[PDB]
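Before any questions on how it binds or moves, here is one chain, the form deposited without the partner chain, in C-alpha cells.
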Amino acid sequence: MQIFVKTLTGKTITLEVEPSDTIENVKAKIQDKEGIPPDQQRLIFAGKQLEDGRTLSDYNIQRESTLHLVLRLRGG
C-alpha cells in the first residue's frame, strides 16, 4: 500500500509499505529517499510518536495514511 510522509518543511514523501512493516523498516525507506539516517527520524501519527519495534498495523495505520517526520539529534 502507499503511505505519505510529510516533512516539517511541507514536502510529501510517498512510500510503498505493508501493514507488517516495522517502524524501523519505514525509516529505512525514508532514508532511501531523503538520506536521513533512521536514528535522526521521529515519525508521528494520530498524535503519537511511533516506536521502533512496532509495526504499521500496531498503530492501525491504513492505506493512504500520512505520517509526520520530525528530525532529532541522534541519541548517544
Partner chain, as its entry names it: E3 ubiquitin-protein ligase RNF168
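Residues that one form lacks are left out of the comparison. We call the rigid core whatever largest set of C-alpha positions still superposes within 1.5 Å between the two forms. Residue numbers count along the first chain shown, from 1.
The same protein has a further form, the form solved in complex with the partner chain, not shown here; the description that follows concerns it.
K.L.:
Report whether the minimum heavy atom distance between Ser20 and the partner chain in the entry with it bound is within 4.5 Å.
P.N.:
Answer no; every heavy atom of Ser20 is more than 4.5 Å from the partner chain in the entry with it bound.
K.L.:
Would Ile36 sit within 4.5 Å of the partner chain in the entry with it bound, counting heavy atoms only?
P.N.:
Yes - in the entry with it bound, heavy atoms of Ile36 and the partner chain come within 4.5 Å of each other.
K.L.:
Would you please work out which stretches of at least three consecutive shared residues show Cα displacements of 2 Å or more throughout between the shown form and the other one, after fitting on the rigid core?
P.N.:
In sequence order there is one run that relocates between the shown form and the other one, which is 73-76.
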